[PDB]
Amino acid sequence: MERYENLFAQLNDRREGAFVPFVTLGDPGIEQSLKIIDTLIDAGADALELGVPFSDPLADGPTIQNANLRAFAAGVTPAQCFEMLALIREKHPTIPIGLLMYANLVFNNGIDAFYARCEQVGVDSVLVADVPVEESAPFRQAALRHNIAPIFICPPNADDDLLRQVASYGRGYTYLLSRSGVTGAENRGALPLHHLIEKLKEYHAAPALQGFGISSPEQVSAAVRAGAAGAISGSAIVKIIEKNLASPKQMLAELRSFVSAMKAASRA
Amino acid sequence: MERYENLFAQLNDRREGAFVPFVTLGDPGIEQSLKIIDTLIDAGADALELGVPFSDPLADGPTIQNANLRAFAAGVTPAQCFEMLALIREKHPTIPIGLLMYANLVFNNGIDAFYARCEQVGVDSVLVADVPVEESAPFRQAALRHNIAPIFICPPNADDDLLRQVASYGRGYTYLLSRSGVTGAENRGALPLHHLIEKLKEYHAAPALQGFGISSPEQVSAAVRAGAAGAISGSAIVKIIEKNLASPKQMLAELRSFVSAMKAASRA
Amino acid sequence: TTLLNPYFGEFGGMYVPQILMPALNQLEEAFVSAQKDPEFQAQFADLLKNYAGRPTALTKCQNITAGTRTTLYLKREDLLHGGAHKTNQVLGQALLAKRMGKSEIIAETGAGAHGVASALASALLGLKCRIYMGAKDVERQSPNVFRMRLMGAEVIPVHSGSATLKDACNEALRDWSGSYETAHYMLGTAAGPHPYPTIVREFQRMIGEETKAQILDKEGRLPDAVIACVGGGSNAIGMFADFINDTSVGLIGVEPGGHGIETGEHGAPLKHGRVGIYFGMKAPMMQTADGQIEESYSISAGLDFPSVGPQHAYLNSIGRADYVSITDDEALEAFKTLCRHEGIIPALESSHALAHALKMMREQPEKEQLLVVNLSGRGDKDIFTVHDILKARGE
Amino acid sequence: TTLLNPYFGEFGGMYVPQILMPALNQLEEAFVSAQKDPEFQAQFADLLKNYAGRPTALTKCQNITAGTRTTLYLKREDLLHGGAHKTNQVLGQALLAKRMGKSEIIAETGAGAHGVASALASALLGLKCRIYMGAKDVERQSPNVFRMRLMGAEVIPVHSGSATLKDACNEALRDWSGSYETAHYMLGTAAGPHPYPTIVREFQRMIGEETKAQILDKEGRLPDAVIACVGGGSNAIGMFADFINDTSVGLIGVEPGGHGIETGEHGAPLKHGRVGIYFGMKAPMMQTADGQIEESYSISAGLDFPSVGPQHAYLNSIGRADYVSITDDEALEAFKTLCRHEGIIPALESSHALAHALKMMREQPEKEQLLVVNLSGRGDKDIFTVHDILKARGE
Ligand SMILES: Cc1ncc(COP(=O)(O)O)c(C/N=C(\CNc2ccccc2O)C(=O)O)c1O
Ligand SMILES: Cc1ncc(COP(=O)(O)O)c(C/N=C(\CNc2ccccc2O)C(=O)O)c1O
Ligand SMILES: O=P(O)(O)OCCNS(=O)(=O)c1ccc(OC(F)(F)F)cc1
Ligand SMILES: O=P(O)(O)OCCNS(=O)(=O)c1ccc(OC(F)(F)F)cc1
Ligand SMILES: [Cl-]
Ligand SMILES: [Cl-]
Ligand SMILES: [Cl-]
Ligand SMILES: [Cl-]
Ligand SMILES: [Cl-]
Ligand SMILES: [Cl-]
Ligand SMILES: [Cl-]
Ligand SMILES: [Cl-]
Ligand SMILES: [Cl-]
Ligand SMILES: [Cl-]
Ligand SMILES: [Cl-]
Ligand SMILES: [Cl-]
Ligand SMILES: [Cl-]
Ligand SMILES: [Cl-]
Ligand SMILES: [Cl-]
Ligand SMILES: [Cl-]
Ligand SMILES: [Cl-]
Ligand SMILES: [Cl-]
Ligand SMILES: [Cl-]
Ligand SMILES: [Cl-]
Ligand SMILES: [Cl-]
Ligand SMILES: [Cl-]
Ligand SMILES: [Cl-]
Ligand SMILES: [Cl-]
Ligand SMILES: [Cl-]
Ligand SMILES: [Cl-]
Ligand SMILES: [Cl-]
Ligand SMILES: [Cl-]
Ligand SMILES: [Cl-]
Ligand SMILES: [Cl-]
Ligand SMILES: [Cl-]
Ligand SMILES: [Cl-]
Ligand SMILES: [Cs+]
Ligand SMILES: [Cs+]
Ligand SMILES: [Cs+]
Ligand SMILES: [Cs+]
Ligand SMILES: [Cs+]
Ligand SMILES: [Cs+]
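Chains as they are written, first to last, in the entry's author numbering: chain A, 1 to 268; chain A', 1 to 268; chain B, 2 to 396; chain B', 2 to 396. A prime marks a further copy of an entry chain.
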């Protein structure tokens with residue numbers, strides 16, 4: 001499919017950026033996770049980034065570490081995550097769905113088989129957090145064979161070679177890292193990224209989404225103003241889950257208002 | 001004086017051996033110590049061996065270690081011991097009095113001065129437990145200058161050279177060690193000493209008293225039968241003190257009966 | 002693009018977030034440069050000899066092989082300053098950190114030996130050192146926590162996961178990913194992403210070099226086998242490296258069998274795991290059917306790690322090196338045996354290697370064999386653990 | 002009659018009960034015989050090199066002398082197997098015990114270092130070892146009690162007197178006086194009756210010999226001074242011996258000043274006691290006016306002894322060696338300083354020597370001086386004591 005391509009074309013026409021929430025699949029349970037995801041979409045999410053619970057998520061800070069743990073406490077497995085993805089795609093035919101994976105979960109039962117399963121359930125992209133460009137060949141090849149966009153990271157410390165590679169190899173979107181470090185709302189990115197955004201555009205890279213540390217509407221606007229095609233927010237969203245575990249109703253209300261506000265910031 | 005010489009001549013005429021108790025001066029206090037010593041004499045002691053409390057009595061086992069400690073708890077000093085010796089000699093003009101000393105107490109204020117003080121108070125012999133023959137020269141010289149008998153040890157492991165030296169250098173009596181080890185009634189000497197006794201006699205040594213581990217009348221008789229001139233008993237006596245600390249009356253009664261019995265064993 | 006081959010056959014590579022690739026490339030370049038730099042080599046040599054105490058003794062142990070045709074030597078890394086082989090490569094990596102202008106050191110530790118080595122090298126060479134240590138390991142190897150703090154290192158308990166070595170590794174990597182401009186990650190074993198397995202081997206290879214020279218001097222020939230415990234792989238590859246091309250010499254690595262392989266409570270991924278990707282490398286892993294990384298187990302904190310360095314996986318695959326396991330109980334017996342009969346108190350890690358050597362001897366007592374065990378550390382850190390175990394046994 | 006001179010000037014001799022003289026004579030004869038016996042020497046050399054790890058490093062410590070004209074080297078006896086210099090002479094005396102047909106060893110210990118050395122040598126060489134240790138020292142040096150028991154030695158707490166080293170010495174001597182036919186008394190310092198001060202020096206003298214060779218190699222000249230702590234005298238005389246005839250070389254021994262000399266709570270008899278007779282020797286003693294032996298005090302169990310070996314008293318009397326004191330607090334600072342700035346954790350005993358060297362430097366920072374400190378042991382045994390002290394200080 002072309003879900004990202006269609007989204008960004010539509011967004012460009014409305015002169016707006018994308019707001020893309022992250023959550024962990026099955027946090028804090030399967031049923032509540034599914035409801036959470038419906039709420040994110042109803043509140044205006046342009047795409048989803050969805051994490052599969054992994055034992056050792058080394059690119060994630062405590063908030064998302066704890067999301068993983070909650071999912072595991074509910075007994076969530078990769079197989080159940082694929083069941084969920086099928087249910088999400090069944091309700092929402094057009095929304096781009098990207099997975100956040102760690103390598104071992106993709107490699108575990110065969111790389112090709114993993115991407116084949118993604119295609120079957122209607123996933124649009126896969127980002128493998130601990131696979132740099134240098135190791136990406138079998139992952140990106142398998143992705144493309146199964147019509148999945150391989151998501152590459154453009155870090156703030158990217159040289160020209162890396163920009164060219166990420167521009168060539170990637171599809172769907174380019175992930176523009178706010179900062180060094182791990183996921184978390186407590187650390188906001190301090191570097192201006194305008195130079196990287198322009199270079200990506202020159203090399204015809206997939207449109208850029210900025211992620212890491214995005215927790216406020218202002219940062220969403222700033223990414224778009226800086227020339228990025230939108231922004232991803234994970235820890236900020238997951239914090240609302242964590243805060244409201246005991247009140248599922250107030251959880252959804254707070255997620256709705258937050259996503260609404262974040263999305264509105266992408267409109268200018 | 002000639003207190004030992006007179007004693008052994010008298011004993012030889014009555015065909016008997018000497019019984020010589022040991023106690024620590026000032027155990028468990030000065031007054032009680034003085035009474036204890038009078039009781040030992042009244043009960044038939046032929047001579048006394050008297051210990052001056054020393055901080056580190058390395059030839060003594062626990063029983064006599066504890067005697068030293070009790071004396072120290074009563075604040076007994078070498079100076080007070082000399083006062084006691086004067087009081088004992090004042091009551092008992094003929095009994096031979098031997099001191100059991102450790103070297104540091106003799107060396108402390110000058111060797112010559114120590115022996116001079118012994119002479120002044122009427123002591124007859126000094127045995128310095130941690131001074132072997134090899135180191136004895138200044139001690140034995142000072143003793144003889146002040147009419148004090150230097151007491152030498154004849155151990156079970158004595159060779160011929162040592163017998164000759166002990167025979168030549170010593171006066172008063174020769175100390176015949178029962179066994180290796182330290183003082184104590186719990187370990188009885190296992191070696192027959194008849195060969196050493198005969199050699200001492202051949203070399204004209206001072207008469208031999210056997211000591212260490214002598215706790216029963218039978219051992220007193222056996223020493224005399226073996227050719228020794230008598231026996232010394234320390235720990236056995238001190239045990240009676242220790243057992244009866246809370247009853248000074250029963251202490252003296254028990255010391256009297258024990259000494260009586262031990263002395264009677266020396267009569268044949 | 003790299004200067005050196007990141008793989009040993011299928012195993013190894015650089016499976017880290019993209020953010021960390023410049024750091025790995027910088028480290029590789031600095032290593033290649035340093036290896037050609039006589040001044041670096043001389044400084045490194047100076048520290049090894051005059052500070053750390055190299056060369057270490059090779060001790061012939063007579064009592065424990067009596068009545069057999071085994072001759073057993075122990076390579077005495079337990080006498081190195083710090084009390085374990087960990088010191089060797091820490092000195093080299095600290096010099097690389099300085100070469101790269103880093104002022105801070107991050108290290109993981111399990112046994113606390115690597116933590117102590119990192120702290121002492123940082124104190125000597127003017128680096129600010131922070132150590133991640135699993136809370137379980139904090140308790141069972143506490144002597145080491147004291148040592149690290151006295152030398153001015155920050156020690157950070159890790160309560161996540163199993164609260165052991167794996168979890169400390171995770172935290173160290175997370176930290177480095179946000180501090181690499183100022184902090185060098187002083188990885189404590191021959192594992193993780195390239196170039197660490199290569200660097201750690203090259204900075205540990207003096208173990209085997211010295212062993213070879215010592216054995217030749219004493220015996221006029223090479224050993225039949227050299228034997229080392231395998232936690233992540235550093236002491237073993239340090240012993241093995243100089244013998245790899247001597248095809249007659251057995252290379253035997255000993256993984257922890259924990260409560261027994263069949264219980265699943267062990268640390269033996271090389272022989273009982275399967276290849277996966279974690280901690281920056283493609284390597285054998287203890288993992289679930291689903292591809293989640295398992296928790297390992299060993300009585301010995303230093304071997305309690307659910308993966309293994311890639312050069313070991315490679316040497317196994319081609320049949321050049323053989324890998325076995327030793328249980329908690331077997332290691333405890335070897336510990337007791339060395340204390341009582343050779344007067345050497347070994348680390349519980351090293352006790353696994355010793356246990357296998359003793360088994361080689363006992364199983365075939367009339368087999369003539371000349372063996373070397375890498376005695377990778379001293380067991381001071383373990384005396385309290387071992388006491389509590391023997392007490393509960395009524396020994 | 003003896004083969005060798007039992008005295009150093011007025012000090013020394015053989016002030017033991019007559020019962021023990023044959024044992025001392027036998028020991029002296031065996032020593033004189035062994036010193037002429039190439040096979041004994043070769044066995045001893047073998048153990049020192051291949052078992053104990055000699056020669057030990059001589060480390061130049063750069064950080065702690067920065068900004069001064071002091072160059073300071075540490076002789077690294079802390080790297081010897083067992084963790085202290087005590088191991089050297091224990092190996093020699095264990096070989097003498099075997100030469101004399103003894104099957105049992107008696108030893109005293111305070112710091113537990115001599116106890117551990119005695120236990121390890123006994124395990125290796127097939128002797129049944131019993132150790133006397135003051136109950137106070139059992140607690141403050143507990144790591145060592147664990148070590149001794151694991152190696153099969155019997156450890157006997159002594160509750161008498163101060164329940165420290167003196168009291169352990171007393172018990173060991175009492176024991177030997179009743180067991181000398183089967184047991185060798187492995188006295189742990191250069192003190193006690195002849196021939197122990199002589200034997201212990203000769204079996205420790207490799208410290209100074211190596212130091213001299215190492216300093217010449219590195220500096221092309223002898224040190225201005227060598228500095229060692231003095232408990233009973235062994236590590237210091239081991240360092241001093243080979244330099245005695247080099248009259249330009251300062252010999253500085255450091256006694257424990259405890260809470261301060263003026264408090265009377267110290268272990269500095271050589272400079273603040275007076276000559277007496279105890280523990281088999283005529284030597285300076287802490288003693289009362291009346292001639293009772295005092296109790297000593299030091300934060301360091303290994304220096305907590307109220308007398309000193311006679312060769313030190315002699316070398317002092319003639320002005321060849323100088324003796325000073327260092328308080329608990331000064332030693333603690335030196336301990337902290339070495340941990341933090343050189344990454345070496347020294348024994349609290351050795352910390353007294355270091356403290357004096359640091360004072361020599363700090364008091365006269367523009368004085369050019371080349372100094373060696375005998376780093377007699379590692380401080381693993383002290384880490385708990387030091388923790389509790391620094392905790393109570395709110396550090
Ligand atoms: C004496 C001794 N002997 C052997 C070993 C085994 O480690 P090896 O020689 O590297 O296989 C250790 C490992 N000790 C660890 C674990 N170190 C560690 C292990 C695995 C991953 C990261 C680590 O820091 C430590 O942190 O000190 C040891 O201390
Ligand atoms: C590291 C270290 N460094 C220096 C010293 C000081 O002892 P020195 O080098 O002999 O002066 C010690 C002393 N330690 C004692 C005391 N040993 C001891 C002391 C006095 C009498 C009998 C003894 O057994 C022990 O028993 O181990 C030590 O451990
Ligand atoms: O808002 P935050 O700070 O929680 O960040 C949310 C990020 N979630 S995600 O799936 O985009 C994401 C993207 C990349 C990650 O690692 C990598 F860069 F190494 F690839 C990890 C998570
Ligand atoms: O009956 P026991 O076993 O208590 O022995 C009593 C001994 N008391 S003593 O004064 O004769 C005495 C005699 C000699 C001693 O030591 C020495 F032999 F080394 F000189 C110690 C005490
Ligand atoms: Cl984690
Ligand atoms: Cl759990
Ligand atoms: Cl960060
Ligand atoms: Cl005593
Ligand atoms: Cl008291
Ligand atoms: Cl006895
Ligand atoms: Cl290879
Ligand atoms: Cl490949
Ligand atoms: Cl470089
Ligand atoms: Cl090189
Ligand atoms: Cl501290
Ligand atoms: Cl943490
Ligand atoms: Cl070599
Ligand atoms: Cl060669
Ligand atoms: Cl040979
Ligand atoms: Cl072979
Ligand atoms: Cl082979
Ligand atoms: Cl396999
Ligand atoms: Cl096996
Ligand atoms: Cl002399
Ligand atoms: Cl003289
Ligand atoms: Cl001989
Ligand atoms: Cl010689
Ligand atoms: Cl035990
Ligand atoms: Cl006792
Ligand atoms: Cl040398
Ligand atoms: Cl020479
Ligand atoms: Cl020079
Ligand atoms: Cl000088
Ligand atoms: Cl001079
Ligand atoms: Cl003086
Ligand atoms: Cl002083
Ligand atoms: Cs593209
Ligand atoms: Cs006579
Ligand atoms: Cs053998
Ligand atoms: Cs392992
Ligand atoms: Cs200097
Ligand atoms: Cs002292």
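All C-beta atoms in this analysis are idealised placements derived from N, C-alpha and C, irrespective of residue type, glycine included.
Legend entry - Rounded C-alpha distance that separates A':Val259 from A':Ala268: Each residue's alpha carbon lies about 15 Å from the other.
Inset, instruction - Using only the heavy atoms of ligand 3, determine whether one of them is closer than 8 Å to the beta carbon of A:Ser55. - result: no
Inset, instruction - Just the chain B side, please: which residues come within less than 8 Å of B':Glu350 by C-beta, in chain order? - result: Within chain B, no residue comes near B':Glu350; the closest Cβ sits about 17 Å away, beyond 8 Å.
Inset, instruction - Select from B:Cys130, B:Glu172 and B:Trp177 the residue whose C-alpha is nearest the C-alpha of B:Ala154. - result: B:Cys130
Legend entry - A':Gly211 CB to nearest heavy atom of ligand 10 below 8 Å: no
Inset, instruction - Find out if the Cβ-Cβ distance for the pair B:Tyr197, B:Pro257 is shorter than 9 Å. - result: no
Inset, instruction - For B':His342, return the contacting residues in chain B, with the cut-off set at a CB-CB distance below 7 Å. - result: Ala124
Inset, instruction - Using a Cβ-Cβ cut-off of less than 8 Å, list which residues of the stretch 47 to 59 of chain B' approach chain B; keep chain order. - result: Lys50, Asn51, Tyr52, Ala53, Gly54, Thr57, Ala58 and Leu59
Inset, instruction - Following the continuous beta strand (DSSP E) through B:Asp329, name the residue where it begins and the one where it ends. - result: Counting along the chain, B:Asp329 falls outside any beta strand (DSSP E), though it belongs to the alpha helix (DSSP H) covering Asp329 to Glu343.
Legend entry - Buried or exposed by the 16-neighbour rule on C-beta atoms within 10 Å, applied to A':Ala86: Answer is exposed; the Cβ neighbour count stays below 16.
Legend entry - Any non-hydrogen atom of ligand 15 within 8 Å of B:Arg150 CB: yes
Legend entry - By C-beta, the residues closer than 6 Å to any heavy atom of ligand 23, given in chain order: If you measure from each CB to the nearest heavy atom of ligand 23, the residues under 6 Å come out as B:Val325 and B:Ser326.
Inset, instruction - Output yes if chain B places a C-beta closer than 9 Å to the C-beta of A:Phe22; else output no. - result: Chain B has no Cβ within less than 9 Å of the Cβ of A:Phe22.
Inset, instruction - Can you grab the Cα-Cα spacing for the pair B':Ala184 / B:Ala284, in whole Å? - result: 57 Å
Inset, instruction - Taking C-beta pairs closer than 8 Å, name the residues in chain B' that B:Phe147 reaches, listed in chain order. - result: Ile384, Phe385 and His388
Inset, instruction - Note down the Cα distance separating A':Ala45 from A':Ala265, rounded to an integer number of angstroms. - result: About 12 Å.
Legend entry - Nearest candidate by alpha-carbon position, reference residue 274 of chain A, set A:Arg15, A:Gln80 and A:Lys263: Residue 274 of chain A lies beyond the stretch modelled for chain A, which goes from 1 to 268, so this question has no answer here.
Legend entry - Closer than 9 Å to chain A' by CB, B':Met286: True, the Cβ-Cβ gap to chain A' drops below 9 Å.
Inset, instruction - Would you mind stating whether A':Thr39 and A':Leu245 have Cβ atoms separated by less than 9 Å? - result: no
Legend entry - Opening and closing residue of the beta strand (DSSP E) in which B':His273 lies: Membership of B':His273 in any beta strand (DSSP E) is not indicated; the residue belongs instead to the alpha helix (DSSP H) covering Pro270 to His273.
Inset, instruction - May I ask you to report which of helix, strand or coil DSSP gives A':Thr24? - result: strand
Inset, instruction - Quick one: which residues of the stretch 249 to 266 of chain A' get their C-beta closer than 8 Å to a C-beta of chain B'? List them in chain order. - result: none
Inset, instruction - Using a Cβ cut-off of 8 Å, pull out every chain B residue sitting near B':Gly153, in sequence order please. - result: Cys340 and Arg341
Legend entry - Nearest to A:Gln120 (by Cα), restricted to the options A:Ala137, A:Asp159 and A:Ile97: With distances taken between Cα atoms, A:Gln120 lies closest to A:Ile97.
Inset, instruction - Under 8 Å by Cβ, that's how I've got B':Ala169 and B':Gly111 pegged, so tell me the actual separation to the nearest angstrom. - result: 7 Å
Inset, instruction - Could you work out which residues of chain A lie near B:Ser178, taking near to mean beta carbons separated by less than 9 Å? - result: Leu58, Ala59, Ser180, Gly181 and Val182
Inset, instruction - Kindly list the residues whose CB is nearer than 6 Å to the CB of B:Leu92, restricted to its own chain and excluding five residues on each side of it in sequence; keep chain order. - result: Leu48 and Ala122
Legend entry - Extent of the continuous beta strand (DSSP E) run through B':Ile106: Counting along the chain, the unbroken beta strand (DSSP E) around B':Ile106 starts and ends at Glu105 to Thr110.
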